[PDB]
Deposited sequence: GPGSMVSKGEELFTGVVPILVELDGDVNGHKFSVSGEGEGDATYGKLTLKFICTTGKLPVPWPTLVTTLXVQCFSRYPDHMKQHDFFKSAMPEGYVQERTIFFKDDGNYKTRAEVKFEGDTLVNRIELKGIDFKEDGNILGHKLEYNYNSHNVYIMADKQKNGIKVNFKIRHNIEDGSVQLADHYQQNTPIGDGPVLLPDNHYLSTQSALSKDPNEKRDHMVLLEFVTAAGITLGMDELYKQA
């Protein structure tokens, strides 16, 4: 209903990720802002425990789809904002083809005037000489289509897409994403007709940051409904 009013302007963001991949424990914090009017994120992430034991690009999808641009004619299909401020639980399994998987559970909600994404990630069965633990991923990101479907019996949504990670020899590593979102609160939420998001991202580095980190610019827009 009025969850979307919380996103009419620039909103500060905080991200906290607690991770464990093949026994390597790590913590990531992020801060920045989002403007859902334009579907734009401007963020910076730091691995606060030291060296990140996986490639930064593998963590992009885990690290706030409430900041997607939903055009006016699609406002009734924006589940993400409808669940605010109480927020939603976002759960994923990410299957890296011919390698391990991530399982994540996050809560995305307002805490004061800040939109907070707090995540737990567990990775298992990765190959020591694979693209992930072997750090063979290029430091970049592709454009994707994200497919969104209502999950009526859970009063939420299902989301599916495939992430394509460029590998340093010119090949591509697929990361198959299976996602579910459910509201935290009891209030009414919007269950959408089938549609998609289209994404753009750019990864970079802060020259003045000595810690392991990722600077992220992201543009996401919803489409597919007339």
Deposited positions lacking CA coordinates: 1-6, 70, 234-243
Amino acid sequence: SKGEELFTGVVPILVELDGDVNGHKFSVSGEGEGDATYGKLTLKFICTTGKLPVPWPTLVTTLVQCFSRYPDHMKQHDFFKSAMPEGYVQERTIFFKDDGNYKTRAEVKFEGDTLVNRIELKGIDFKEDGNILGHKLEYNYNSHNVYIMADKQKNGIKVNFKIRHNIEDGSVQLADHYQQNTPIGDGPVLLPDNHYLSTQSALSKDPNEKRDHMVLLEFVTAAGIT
From here on, numbers count along this sequence of modelled residues.
Entry-level comparison of average CA B-factors, 114-122 and 135-143, reporting the higher stretch: 114-122
48-56 set against 188-196, stretch whose average Cα temperature factor tops the other in the entry: 188-196
Identity of residue with top Cα B-factor, from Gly170, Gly39, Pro183, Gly30: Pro183
For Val21, the third of its chain into which the C-alpha B factor falls: middle
Third assignment of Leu14 from its chain's C-alpha B-factors: middle
